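Working notes, beginning with the structure itself.
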Amino acid sequence: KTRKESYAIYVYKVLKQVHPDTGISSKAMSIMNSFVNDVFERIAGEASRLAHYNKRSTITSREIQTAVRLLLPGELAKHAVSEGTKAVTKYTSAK
Amino acid sequence: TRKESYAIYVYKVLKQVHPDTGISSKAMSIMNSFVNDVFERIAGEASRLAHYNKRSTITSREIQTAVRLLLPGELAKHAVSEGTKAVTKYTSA
Amino acid sequence: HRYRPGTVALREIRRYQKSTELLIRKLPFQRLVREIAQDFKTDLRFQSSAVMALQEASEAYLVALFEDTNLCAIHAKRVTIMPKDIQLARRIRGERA
Amino acid sequence: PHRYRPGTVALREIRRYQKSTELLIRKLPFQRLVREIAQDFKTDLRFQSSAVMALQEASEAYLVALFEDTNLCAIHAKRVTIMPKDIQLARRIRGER
Amino acid sequence: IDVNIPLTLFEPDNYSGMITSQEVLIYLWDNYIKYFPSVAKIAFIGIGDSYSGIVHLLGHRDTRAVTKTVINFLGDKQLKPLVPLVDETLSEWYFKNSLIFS
Amino acid sequence: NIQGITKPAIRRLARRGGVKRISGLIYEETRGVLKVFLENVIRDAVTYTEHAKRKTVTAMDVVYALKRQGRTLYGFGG
Amino acid sequence: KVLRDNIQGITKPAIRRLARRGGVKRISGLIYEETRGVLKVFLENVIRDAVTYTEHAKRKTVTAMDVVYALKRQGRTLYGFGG
Amino acid sequence: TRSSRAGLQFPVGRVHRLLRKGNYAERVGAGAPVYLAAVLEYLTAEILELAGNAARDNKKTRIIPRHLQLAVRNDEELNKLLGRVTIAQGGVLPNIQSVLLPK
Amino acid sequence: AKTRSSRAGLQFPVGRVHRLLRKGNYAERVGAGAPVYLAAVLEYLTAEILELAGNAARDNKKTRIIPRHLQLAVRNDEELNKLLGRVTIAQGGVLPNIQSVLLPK
DNA sequence: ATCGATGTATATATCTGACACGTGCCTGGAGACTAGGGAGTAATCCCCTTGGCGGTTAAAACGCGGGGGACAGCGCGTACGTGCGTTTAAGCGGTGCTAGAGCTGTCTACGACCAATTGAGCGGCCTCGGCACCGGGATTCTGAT
DNA sequence: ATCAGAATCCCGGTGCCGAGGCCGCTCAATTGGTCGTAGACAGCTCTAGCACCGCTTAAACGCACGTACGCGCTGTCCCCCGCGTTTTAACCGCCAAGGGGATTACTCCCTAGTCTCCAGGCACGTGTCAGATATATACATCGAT
């Protein structure tokens with residue numbers, strides 16, 4: 001018995017954001033869970049390498065900013081700089 | 001300061017093969033980059049293995065397996081053989 | 001009436017790239033995979049979705065190779081193919097030397 | 001007036017350039033060039049000369065790699081001569097956009 | 001081949017007899033038997049003492065490229081287990097084809 | 001088996017693959033390269049399973065064998 | 001302040017010599033610009049990453065290490081430069 | 001929480017535990033799960049928006065992964081981006097050339 | 001003899017390797033003989049490379065090795081040209097790979 | 001057939017800086033000891049896997065005919081190698097300056113770490129409707145003339 | 001243009017099965033709170049990037065000639081398309097059987113933690129030989145008549 005975690009409800013409600021009344025199969029959801037894990041692994045691996053490159057022990061939102069403008073082509077990357085620095089000020093809003 | 005390289009142990013295995021041979025510093029850079037490369041591929045591959053197997057430390061079984069997964073035939077063969085030779089030679093006595 | 005070459009060829013390109021569907025008789029290919037799977041290991045139960053993943057790998061990789069083979073034929077000013085198109089195609093994949 | 005048949009002493013120099021290891025891009029053009037490209041993102045940074053030599057080695061490596069692929073495309077194209085369609089075919093085989 | 005072992009005196013476990021059994025076992029396999037090319041189907045038969053030298057032929061040397069199954073009439077002597085050193089697969093092979101009687 | 005895959009299935013994959021008229025040594029060369037493909041995949045998947053101390057090769061292993069050379073299938077055992 | 005006509009410094013005979021190391025017998029006249037254009041599409045895909053390293057590093061000098069780290073992520077890893 | 005206070009959809013506790021577990025550096029500045037969650041949430045909004053547009057093209061109301069591969073081949077940043085990754089049940093698209101069409 | 005490597009007859013420092021395994025965020029804890037086995041594979045492949053590097057400098061009559069020899073030593077061995085095809089050596093140099101159809105006749 | 005020029009290889013001597021070594025000083029490596037958690041093992045479950053049966057049922061096989069696709073032959077058309085004289089700017093090196101790299105030193109913010117309570121996230125549950133099934137009639141080409 | 005003949009589409013009924021939803025469980029998040037050190041942050045030095053200049057020359061450019069490689073045309077022969085006829089084994093539903101991993105509770109050795117000790121290993125200094133460079137000589141091949 002395993003109550004095994006995935007990215008179901010979050011990608012579910014992001015689909016409820018961008019397309020407010022639609023459906024999806026479980027197979028395509030498994031593709032999407034795979035896709036979230038893949039991008040999680042590549043940004044996290046570049047964060048690992050850049051943290052070892054900068055001779056230091058920690059990784060902040062700054063490091064994710066420079067990691068994504070190394071990763072994506074710079075239009076999508078700089079749109080993610082907008083969503084990320086949005087999230088910087090909106091998580092330093094509260095605790 | 002210190003500078004942790006591997007140039008003298010490369011000189012050791014170099015002289016084990018031949019006393020007749022001069023490395024360059026750029027060939028040492030190629031060789032050290034090869035060390036750091038193969039270091040981190042195998043080291044991340046063992047970390048991948050321990051992530052798949054959900055443990056804390058690493059047995060040399062994992063190094064054996066990852067050498068068989070990465071390296072082709074004679075390479076993985078002789079490397080598994082030299083590795084279990086070293087497992088015997090240290091871990092025995 | 002007897003059609004020229006190309007008619008049901010173009011019509012079946014339009015038919016098979018419409019459908020979302022599998023194309024291969026399954027158990028001949030499973031006979032192929034267990035004929036490989038005997039070779040180095042024994043007492044081998046298996047799981048079915050691994051065979052489905054090997055199905056997706058084989059069908060996607062080979063419709064991709066027919067696409068490369070098609071574009072080497074497009075380069076070759078021809079419509080009927082050669083195996084040497086596949087040989088050049090997987091050299092410039094870099095999958096083959 | 002003695003005059004060679006075409007391309008053969010060129011192949012003698014193909015044996016010359018495939019007996020060697022060197023760079024051929026000269027240093028001040030590539031220096032001015034990479035200062036023009038790094039100019040286009042955020043201006044006036046100081047560099048390493050080893051950075052310039054690293055980008056120059058990667059440049060000539062990927063060049064002579066794709067020159068040998070374009071030569072194999074002209075061989076499969078039943079030709080002695082190359083075209084830009086060999087290059088364009090090589091980009092859509094390699095998946096370049 | 002027969003090898004007698006002279007015992008150790010006034011002692012619970014015949015220990016230096018085990019020491020010279022590792023000297024005998026490692027010397028025979030690392031001096032002449034790999035240089036016997038025409039060899040297959042070796043069995044080791046230990047009577048009483050000094051099983052740990054043949055345990056030391058198993059867990060410290062690949063003698064099982066030629067030998068097949070070890071025999072021990074232990075009886076009253078102390079247990080000499082195979083330590084898992086390169087793996088516990090050779091100890092599992094030990095656990096499948098060996099004999100010890102106590 | 002080795003010839004359980006037939007010529008018309010290869011032509012159906014050619015017609016989804018955009019190929020319009022087809023040669024004949026193609027079919028046997030295709031069966032050989034497909035069997036090379038499957039042998040390298042099941043080589044390293046069986047190597048993962050012998051590390052796993054299991055007697056069932058999972059689709060996890062097959063995705064990891066794709067993950068050797070950057071050919072990752074989404075959806076079936078990441 | 002931008003620089004100009006540096007890709008004109010890549011002349012037609014230099015690309016011709018590198019294609020002679022590339023084994024090529026006969027050399028078409030239709031070629032030489034697109035190569036250079038692909039070369040532009042080469043370095044546009046490089047340093048779009050690379051300065052994002054040293055902007056993070058708060059350095060006003062650019063290393064070869066950033067070049068090496070970029071060619072790791074571009075998959076064009078070369079030795080002879082270390083680290 | 002740490003997540004609704006941040007205003008995202010992607011949970012900072014989960015991601016923080018997995019970055020703790022995932023061995024990258026020693027310590028963690030806590031904007032990094034938040035900024036990582038922001039980029040991950042924006043790119044899955046990209047994929048689901050183009051996938052819903054490709055599902056609008058074919059009107060299977062549950063998205064078959066045909067639509068996902070259509071959403072790959074529409075967006076050339078995504079087609080240029082995910083160029084090594086396969087999709088099951090994704091299908092293909094027609095491409096018939098001047099040498100291939102009847103003259 | 002301070003070293004753990006002479007206990008196994010190696011040449012590469014398992015204290016240093018065990019240090020960078022402990023201080024590298026690869027795994028959480030690092031075992032004893034898995035770095036020994038890793039240093040053994042490292043020591044074998046550097047002996048195997050410098051074998052053929054000495055061969056390629058040997059037929060090219062060189063001692064202080066230029067990496068032309070190294071490019072021959074990787075690229076000729078199709079276990080290792082397979083395994084290390086991803087990386088070009090700086091000042092590598094290319095092979096004579098000349099097809100017959102462009103050769104004269 | 002003999003002749004030439006271009007490239008490759010070789011023979012020489014010569015000088016340099018990189019390598020290769022030697023020198024000396026320390027920090028990280030070694031040792032010794034502990035404690036804790038990692039890991040390893042066995043006992044029951046039940047789930048998952050293999051296996052096999054018989055009936056239709058389309059797909060595979062096999063065959064046939066000629067056109068168009070392959071291939072070869074010829075002739076045309078043209079651009080690129082080859083050779084020489086002219087021009088442009090990279091390379092060389094030599095001097096000087098400071099920005100920023102790098103090194104240092106303290107303080108405190110920021111993250112770790114612990115404990116106590118709570119809902120975020122999943123399994124298990126059922127039902128329903130999106131979609132597969134289809135039978136008929138509207139059109140939309142292909143090839144022949 | 002003019003034809004059938006295929007191939008393609010759209011509709012009403014049935015029918016079914018995977019999403020999707022809610023139920024409830026639980027364990028990791030959250031919160032509350034403290035502690036210490038990495039790292040923030042400022043100071044200092046000392047590297048190396050930039051610049052400039054003038055002597056050299058390697059590379060780039062241009063022309064004249066023509067040759068031999070691309071390609072367009074024709075013409076055929078056999079390999080695919082279409083279509084007719086014969087055989088397999090894929091699939092569904094049914095039961096039967098057993099392998100092994102999950103889960104559970106248990107213990108112990110090993111690796112980490114800590115401390116203290118000391119030479120391995122480092123930078124620094126130094127001297128030298130493989131290698132590059134420059135000059136003389138013979139050998140191969142391509143090509144023109």
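Every chain in the structure tokens has a letter given in the order shown (A, B, ...), and although residue numbers restart at 1 in each chain, ligands are simply numbered from 1 in the order shown.
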
| Could you write out as a ChimeraX atom specification the residues of chain A within 12 Å of chain G, counting only C-alpha atoms? | /A:42-43,45-47,49-56,59-75,77-78

How would the residues just chosen look if you wrote them out with N, CA, C and O atoms as a short mmCIF file (atom, residue, chain, number, x, y, z; two decimals), in the first residue's frame?
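Result written to again21.cif:
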data_model
loop_
_atom_site.label_atom_id
_atom_site.label_comp_id
_atom_site.auth_asym_id
_atom_site.auth_seq_id
_atom_site.Cartn_x
_atom_site.Cartn_y
_atom_site.Cartn_z
N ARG A 42 16.08 19.01 -14.97
CA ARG A 42 17.08 19.78 -15.71
C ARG A 42 17.40 21.11 -15.06
O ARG A 42 18.58 21.50 -15.01
N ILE A 43 16.39 21.81 -14.52
CA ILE A 43 16.65 23.05 -13.79
C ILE A 43 17.36 22.75 -12.48
O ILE A 43 18.31 23.46 -12.10
N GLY A 45 19.37 20.14 -11.94
CA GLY A 45 20.73 19.73 -12.23
C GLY A 45 21.61 20.89 -12.62
O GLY A 45 22.78 20.95 -12.22
N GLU A 46 21.06 21.86 -13.37
CA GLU A 46 21.82 23.07 -13.66
C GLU A 46 22.03 23.92 -12.42
O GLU A 46 23.06 24.59 -12.30
N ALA A 47 21.08 23.87 -11.48
CA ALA A 47 21.21 24.56 -10.21
C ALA A 47 22.30 23.93 -9.36
O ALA A 47 23.08 24.65 -8.72
N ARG A 49 24.92 22.28 -10.64
CA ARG A 49 26.21 22.58 -11.27
C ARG A 49 26.63 24.01 -11.02
O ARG A 49 27.74 24.22 -10.56
N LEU A 50 25.71 24.96 -11.17
CA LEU A 50 26.01 26.37 -10.93
C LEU A 50 26.30 26.68 -9.46
O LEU A 50 27.13 27.55 -9.16
N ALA A 51 25.69 25.91 -8.55
CA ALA A 51 26.03 26.01 -7.13
C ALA A 51 27.42 25.48 -6.85
O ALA A 51 28.14 26.03 -6.01
N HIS A 52 27.83 24.41 -7.55
CA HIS A 52 29.21 23.97 -7.41
C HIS A 52 30.19 24.88 -8.15
O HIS A 52 31.38 24.90 -7.82
N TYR A 53 29.71 25.62 -9.14
CA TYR A 53 30.59 26.48 -9.92
C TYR A 53 30.91 27.74 -9.15
O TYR A 53 32.01 28.28 -9.26
N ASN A 54 29.95 28.20 -8.35
CA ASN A 54 30.09 29.44 -7.60
C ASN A 54 30.67 29.24 -6.21
O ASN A 54 30.59 30.16 -5.40
N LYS A 55 31.17 28.02 -5.92
CA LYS A 55 31.97 27.66 -4.74
C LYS A 55 31.17 27.82 -3.44
O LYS A 55 31.74 28.11 -2.39
N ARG A 56 29.86 27.65 -3.52
CA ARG A 56 28.99 28.04 -2.42
C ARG A 56 27.96 26.96 -2.15
O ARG A 56 27.77 26.03 -2.93
N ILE A 59 21.37 28.08 -2.85
CA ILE A 59 20.71 28.34 -4.12
C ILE A 59 19.46 29.14 -3.81
O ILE A 59 18.59 28.67 -3.06
N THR A 60 19.35 30.35 -4.36
CA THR A 60 18.18 31.18 -4.14
C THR A 60 17.45 31.39 -5.46
O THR A 60 17.73 30.73 -6.46
N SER A 61 16.48 32.30 -5.42
CA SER A 61 15.68 32.64 -6.58
C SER A 61 16.49 33.31 -7.68
O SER A 61 16.15 33.19 -8.86
N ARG A 62 17.53 34.06 -7.28
CA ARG A 62 18.56 34.61 -8.18
C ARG A 62 19.20 33.54 -9.05
O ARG A 62 19.40 33.71 -10.27
N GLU A 63 19.45 32.39 -8.45
CA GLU A 63 20.11 31.30 -9.12
C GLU A 63 19.14 30.62 -10.08
O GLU A 63 19.53 30.14 -11.14
N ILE A 64 17.84 30.69 -9.77
CA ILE A 64 16.85 30.11 -10.65
C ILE A 64 16.60 31.04 -11.83
O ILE A 64 16.35 30.59 -12.96
N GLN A 65 16.72 32.36 -11.58
CA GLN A 65 16.64 33.39 -12.61
C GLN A 65 17.73 33.23 -13.66
O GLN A 65 17.45 33.15 -14.87
N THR A 66 18.98 33.12 -13.20
CA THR A 66 20.07 32.90 -14.13
C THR A 66 20.04 31.49 -14.72
O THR A 66 20.45 31.33 -15.86
N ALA A 67 19.42 30.50 -14.04
CA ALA A 67 19.34 29.15 -14.58
C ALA A 67 18.34 29.07 -15.72
O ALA A 67 18.58 28.39 -16.72
N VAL A 68 17.24 29.80 -15.61
CA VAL A 68 16.25 29.75 -16.66
C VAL A 68 16.64 30.64 -17.84
O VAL A 68 16.49 30.21 -19.00
N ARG A 69 17.30 31.79 -17.61
CA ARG A 69 17.87 32.48 -18.77
C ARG A 69 19.18 31.88 -19.29
O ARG A 69 19.73 32.40 -20.26
N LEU A 70 19.71 30.82 -18.67
CA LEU A 70 20.52 29.90 -19.45
C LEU A 70 19.72 28.81 -20.14
O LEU A 70 20.19 28.27 -21.15
N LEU A 71 18.54 28.42 -19.64
CA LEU A 71 17.92 27.22 -20.19
C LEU A 71 17.10 27.50 -21.46
O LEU A 71 17.44 27.03 -22.54
N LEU A 72 16.01 28.26 -21.33
CA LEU A 72 15.09 28.51 -22.43
C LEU A 72 15.69 29.50 -23.42
O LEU A 72 16.66 30.20 -23.08
N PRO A 73 15.21 29.56 -24.67
CA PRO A 73 15.51 30.73 -25.50
C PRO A 73 14.85 31.97 -24.92
O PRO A 73 13.74 31.89 -24.37
N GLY A 74 15.53 33.11 -25.09
CA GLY A 74 15.47 34.20 -24.11
C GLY A 74 14.15 34.94 -24.03
O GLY A 74 13.93 35.71 -23.09
N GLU A 75 13.26 34.72 -25.00
CA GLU A 75 11.92 35.29 -24.91
C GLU A 75 11.09 34.57 -23.86
O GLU A 75 10.54 35.21 -22.95
N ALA A 77 12.36 32.57 -21.66
CA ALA A 77 13.16 32.69 -20.46
C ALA A 77 12.93 34.03 -19.76
O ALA A 77 12.80 34.07 -18.54
N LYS A 78 12.77 35.10 -20.53
CA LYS A 78 12.59 36.40 -19.90
C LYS A 78 11.14 36.62 -19.47
O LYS A 78 10.88 37.36 -18.50
#

| said: Show me, as a list in words, every residue of chain C with an atom at most 9 Å from chain D, counting only C-alpha atoms. | reply: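 Here is what falls inside 9 Å: residues 68, 71, 72, 75, 76, 84, 85, 88, 89, 91, 92, 93 and 94 of chain C.
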
Generate the output file for the selected residues, C-alpha atoms, as a PDB file, in the first residue's frame.
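Generated output (result_8.pdb):
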ATOM      1  CA  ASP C  68      14.501  10.558 -43.164  1.00  0.00           C
ATOM      2  CA  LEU C  71      13.683  13.202 -47.474  1.00  0.00           C
ATOM      3  CA  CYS C  72      16.728  11.405 -48.878  1.00  0.00           C
ATOM      4  CA  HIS C  75      16.989  14.872 -52.269  1.00  0.00           C
ATOM      5  CA  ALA C  76      17.448  11.972 -54.689  1.00  0.00           C
ATOM      6  CA  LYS C  84      21.657   3.534 -49.453  1.00  0.00           C
ATOM      7  CA  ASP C  85      19.302   6.423 -48.614  1.00  0.00           C
ATOM      8  CA  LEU C  88      23.361   7.988 -45.574  1.00  0.00           C
ATOM      9  CA  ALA C  89      20.360   8.988 -43.401  1.00  0.00           C
ATOM     10  CA  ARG C  91      25.226   8.465 -40.968  1.00  0.00           C
ATOM     11  CA  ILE C  92      23.910  12.035 -40.680  1.00  0.00           C
ATOM     12  CA  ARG C  93      21.789  11.030 -37.730  1.00  0.00           C
ATOM     13  CA  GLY C  94      25.055   9.962 -36.183  1.00  0.00           C
TER      14      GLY C  94
END

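Proximity of I:22, I:105, I:58, I:16 to chain D, computed with only C-alpha atoms, is greatest for I:105.
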
Just need the residues of chain D within 12 Å of chain K, counting only C-alpha atoms (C1' of nucleotides), so spit them out as a PDB file with C-alpha atoms, in the first residue's frame.
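part-v1.pdb, freshly written:
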ATOM      1  CA  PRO D   1      52.753  26.916 -69.660  1.00  0.00           C
ATOM      2  CA  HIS D   2      52.147  23.791 -67.592  1.00  0.00           C
ATOM      3  CA  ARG D   3      48.781  23.448 -65.906  1.00  0.00           C
ATOM      4  CA  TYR D   4      47.278  20.742 -63.719  1.00  0.00           C
ATOM      5  CA  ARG D   5      44.079  18.850 -64.268  1.00  0.00           C
ATOM      6  CA  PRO D   6      41.536  20.160 -61.728  1.00  0.00           C
ATOM      7  CA  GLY D   7      41.194  19.280 -58.079  1.00  0.00           C
ATOM      8  CA  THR D   8      44.011  16.729 -57.816  1.00  0.00           C
ATOM      9  CA  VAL D   9      46.717  18.915 -56.247  1.00  0.00           C
ATOM     10  CA  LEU D  11      43.481  16.560 -52.946  1.00  0.00           C
ATOM     11  CA  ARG D  12      47.240  16.581 -52.247  1.00  0.00           C
ATOM     12  CA  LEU D  24      42.789  28.418 -39.526  1.00  0.00           C
ATOM     13  CA  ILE D  25      40.507  31.273 -38.395  1.00  0.00           C
ATOM     14  CA  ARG D  26      42.807  34.197 -37.762  1.00  0.00           C
ATOM     15  CA  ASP D  44      31.732  46.236 -23.000  1.00  0.00           C
ATOM     16  CA  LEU D  45      32.907  43.221 -21.049  1.00  0.00           C
ATOM     17  CA  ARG D  46      36.507  42.180 -20.657  1.00  0.00           C
ATOM     18  CA  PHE D  47      37.333  38.599 -21.507  1.00  0.00           C
ATOM     19  CA  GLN D  48      39.883  35.823 -21.498  1.00  0.00           C
ATOM     20  CA  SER D  49      42.026  35.087 -24.538  1.00  0.00           C
ATOM     21  CA  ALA D  77      23.831  12.890 -54.489  1.00  0.00           C
ATOM     22  CA  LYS D  78      25.807  11.080 -57.287  1.00  0.00           C
ATOM     23  CA  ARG D  79      27.868  14.215 -57.697  1.00  0.00           C
ATOM     24  CA  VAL D  80      31.435  15.400 -57.423  1.00  0.00           C
ATOM     25  CA  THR D  81      30.182  18.904 -56.633  1.00  0.00           C
ATOM     26  CA  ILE D  82      28.315  20.107 -53.529  1.00  0.00           C
ATOM     27  CA  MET D  83      25.237  22.336 -53.162  1.00  0.00           C
TER      28      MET D  83
END

With 7 Å as the cut-off and only C-alpha atoms counted, what is the closest atom pair between each nearby residue of chain B and chain E? Distances in Å to one decimal, ordered by chain and number, as CSV.
residue,atom,partner,partner_atom,distance
B:84,CA,E:86,CA,6.2
B:87,CA,E:86,CA,6.0
B:88,CA,E:60,CA,5.9
B:91,CA,E:85,CA,6.8
B:92,CA,E:60,CA,6.5

| task | Please determine the contact residues of chain C with respect to chain J at a cut-off of 12 Å, counting only C-alpha atoms (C1' of nucleotides), and supply them as a count of residues only. | result | 24

| request: Compute the chain G side of the contact with chain K at 12 Å, counting only C-alpha atoms (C1' of nucleotides), and hand it back as a count of residues only. | output: 15

| Contacts of residue 46 of chain K at 12 Å (only C-alpha atoms (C1' of nucleotides); same-chain gap of 6+ positions) as number ranges by chain | J: 98-103

| task | Please provide the set of residues having any atom within 12 Å of residue 12 of chain C, restricted to only C-alpha atoms (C1' of nucleotides), with same-chain residues fewer than 6 positions apart removed, written as a ChimeraX atom specification. | result | /C:6,18-19 /F:11-21 /H:94 /K:7

Put those residues in a file: N, CA and C atoms (P, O5', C5', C4', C3', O3' and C1' of nucleotides), as an mmCIF file, in the first residue's frame.
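The result, written out as part.cif:
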data_model
loop_
_atom_site.group_PDB
_atom_site.id
_atom_site.type_symbol
_atom_site.label_atom_id
_atom_site.label_comp_id
_atom_site.auth_asym_id
_atom_site.auth_seq_id
_atom_site.Cartn_x
_atom_site.Cartn_y
_atom_site.Cartn_z
ATOM 1 N N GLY C 6 0.594 5.524 -57.416
ATOM 2 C CA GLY C 6 0.608 6.734 -56.622
ATOM 3 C C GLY C 6 -0.717 7.074 -55.975
ATOM 4 N N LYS C 18 -4.042 10.299 -40.745
ATOM 5 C CA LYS C 18 -5.226 10.746 -40.021
ATOM 6 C C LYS C 18 -5.336 10.037 -38.678
ATOM 7 N N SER C 19 -5.269 8.707 -38.698
ATOM 8 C CA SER C 19 -5.639 7.884 -37.560
ATOM 9 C C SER C 19 -4.557 7.894 -36.487
ATOM 10 N N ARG F 11 5.159 -1.708 -45.055
ATOM 11 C CA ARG F 11 4.620 -0.748 -46.013
ATOM 12 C C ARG F 11 3.562 0.164 -45.389
ATOM 13 N N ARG F 12 2.816 -0.332 -44.393
ATOM 14 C CA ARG F 12 1.891 0.525 -43.642
ATOM 15 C C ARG F 12 2.631 1.574 -42.824
ATOM 16 N N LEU F 13 3.768 1.192 -42.236
ATOM 17 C CA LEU F 13 4.601 2.166 -41.539
ATOM 18 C C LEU F 13 5.292 3.122 -42.503
ATOM 19 N N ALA F 14 5.555 2.677 -43.733
ATOM 20 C CA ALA F 14 6.035 3.585 -44.768
ATOM 21 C C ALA F 14 4.966 4.583 -45.180
ATOM 22 N N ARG F 15 3.700 4.166 -45.166
ATOM 23 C CA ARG F 15 2.653 5.079 -45.593
ATOM 24 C C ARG F 15 2.271 6.052 -44.491
ATOM 25 N N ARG F 16 2.393 5.656 -43.223
ATOM 26 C CA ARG F 16 2.351 6.686 -42.192
ATOM 27 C C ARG F 16 3.662 7.472 -42.187
ATOM 28 N N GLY F 17 4.764 6.846 -42.592
ATOM 29 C CA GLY F 17 6.033 7.536 -42.720
ATOM 30 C C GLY F 17 6.249 8.363 -43.971
ATOM 31 N N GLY F 18 5.213 8.605 -44.771
ATOM 32 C CA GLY F 18 5.321 9.502 -45.903
ATOM 33 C C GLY F 18 6.014 8.939 -47.120
ATOM 34 N N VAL F 19 6.280 7.651 -47.148
ATOM 35 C CA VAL F 19 6.979 7.030 -48.263
ATOM 36 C C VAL F 19 5.943 6.564 -49.278
ATOM 37 N N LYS F 20 6.218 6.780 -50.566
ATOM 38 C CA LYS F 20 5.224 6.602 -51.615
ATOM 39 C C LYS F 20 5.476 5.389 -52.503
ATOM 40 N N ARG F 21 6.732 5.026 -52.765
ATOM 41 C CA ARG F 21 7.026 3.832 -53.549
ATOM 42 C C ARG F 21 8.355 3.272 -53.061
ATOM 43 N N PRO H 94 1.061 15.733 -42.406
ATOM 44 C CA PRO H 94 1.451 15.465 -43.799
ATOM 45 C C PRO H 94 2.500 16.420 -44.341
ATOM 46 P P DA K 7 -10.973 1.678 -53.783
ATOM 47 O "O5'" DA K 7 -11.235 2.916 -52.778
ATOM 48 C "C5'" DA K 7 -10.581 4.152 -53.034
ATOM 49 C "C4'" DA K 7 -11.220 5.385 -52.387
ATOM 50 C "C3'" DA K 7 -11.211 5.409 -50.858
ATOM 51 O "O3'" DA K 7 -10.548 6.610 -50.424
ATOM 52 C "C1'" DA K 7 -13.249 6.210 -51.721
#

Per residue of chain J within 10 Å of chain I, what are the shortest atom pair and its distance in Å to one decimal, counting only C-alpha atoms (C1' of nucleotides), with rows by chain and residue number, as JSON lines?
{"residue": "J:18", "atom": "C1'", "partner": "I:64", "partner_atom": "CA", "distance": 9.8}
{"residue": "J:19", "atom": "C1'", "partner": "I:64", "partner_atom": "CA", "distance": 8.7}
{"residue": "J:28", "atom": "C1'", "partner": "I:16", "partner_atom": "CA", "distance": 9.3}
{"residue": "J:29", "atom": "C1'", "partner": "I:15", "partner_atom": "CA", "distance": 7.2}
{"residue": "J:30", "atom": "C1'", "partner": "I:2", "partner_atom": "CA", "distance": 6.6}
